[PDB]
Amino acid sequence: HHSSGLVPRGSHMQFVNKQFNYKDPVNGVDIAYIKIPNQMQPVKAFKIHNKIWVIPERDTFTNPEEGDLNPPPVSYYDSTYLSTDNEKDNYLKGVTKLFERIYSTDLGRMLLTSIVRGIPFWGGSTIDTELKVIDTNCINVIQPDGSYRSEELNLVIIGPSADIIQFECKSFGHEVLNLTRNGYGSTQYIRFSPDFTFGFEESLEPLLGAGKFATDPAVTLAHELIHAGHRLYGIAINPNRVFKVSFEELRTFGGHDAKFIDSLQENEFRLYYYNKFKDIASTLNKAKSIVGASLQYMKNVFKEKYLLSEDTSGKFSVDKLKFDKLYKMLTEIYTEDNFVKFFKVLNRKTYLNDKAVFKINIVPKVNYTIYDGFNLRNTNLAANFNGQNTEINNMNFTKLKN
């Protein structure tokens, strides 16, 4: 129960930039006290990759009206969870481990690359000839000397708010702009914990009885990262579009569930976002000045993000083939169903598929590995998804109140 097995092959992790300990000292750079736009006492945070920070704390920050961990009068509460430094260390290492698990698959390298290149658009100016950052897409990073530096980022992983098992991908809004739906994108905050997971039922083809299994937390995280991709490229479906469950939930799950969005509706969605991208090319084109760094250069960052073409003259435009390629990647190829296939784990078959929650600890290599998750090769857990079977692999799952 000692090594974490964070580097199965090679010398160093391939996505996460440091093997952090929660007690490592603050430096100006990738370990720092930070402040979110909205006040608060600064919180210790770790920069795991360009544009991506992890805050090993319960989320009492991103919502003015959720500033406390106590229950109101399918959910789970524990006000003591993630209050000690040991737990915050375990949270950071568990999150690091899941990013490496995701990045060990071809699909996950594609997705995390798209996320990192998906910088929120500089649409903050009211002068249509000036690019400017939107400050809710930044954090304030304290330095060794005590001064603050403003830093753009794309993604924050943070612990859950009061309901420990409510995971979601949310972001700060703009008074006028709809950043998640106008091509712009915004910094995404994912509420998530690697220290709990969910159970579902499944019969594996001698009496043929029902099995009680647990969801692999790498799938759950990849689900939330897929939402983040939609939202970072500003092409999320309006949350007011629902079944009876939102379109955006069904699109993220993928598989046959996504086929319920009728194809004519998809085409309409695709055209709308094509036009949003065209508007962004135009805005870059009309740009004379930049507030807060070079005009033409920030111009290139967004040429890269949106895959825009440039003519001999210097003018940007949207290419239909490059647009269809990026949009299909983000909406059709990055899905939960496809991650299940790449990981080869058992998982709910449809987005609705239980009421069981389980405490887990994926940090020890003996419990869970980057390559195999719970289904450890060359043990009995390798077959029939025995590693996710909460009866067979009972030492890895503790059932909690529902």
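One rule holds for the numbers: they count along the sequence shown, beginning at 1.
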Query raised in the report: Other compared entries: residue 124 unbuilt in at least a third?
Result: no
**Report entry** Coordinates lacking for residue 152, a third or more of other entries
**Finding:** no
Report summary line: Unresolved deposited positions lying between residue 205 and residue 206 come to 4 to 9
**Report entry** Missing from the model but present in the deposited sequence, between residue 50 and residue 51
**Finding:** none
Report summary line: Averaging the C-alpha temperature factors as deposited, the higher value of 9-17 versus 386-394 falls on 386-394
Report summary line: Mean Cα B-factor check, 206-214 vs 134-142, entry values; winner is 206-214
Report task. From the list 280, 127, 95, 235, select the residue with the highest C-alpha B factor recorded in the entry. Result -> 127
Report summary line: From 182, 188, 105, 240, the top C-alpha temperature factor is at 240
Query raised in the report: Among the modelled residues of its chain, does the C-alpha B-factor of residue 335 lie in the lowest, middle or highest third?
Result: lowest
Report task. Determine, from the deposited record, the chain-internal third of the Cα B-factor for residue 304: lowest, middle or highest. Result -> lowest
Query raised in the report: Hey, what third does residue 263 fall into on Cα B-factor, ranked over its chain?
Result: highest
Query raised in the report: Based on the entry's values, in what third of the chain does the Cα temperature factor of residue 256 lie: lowest, middle or highest?
Result: middle
Report task. Comparing against every modelled residue in the chain, figure out the third that the C-alpha B-factor of residue 176 lands in (lowest, middle or highest). Result -> highest
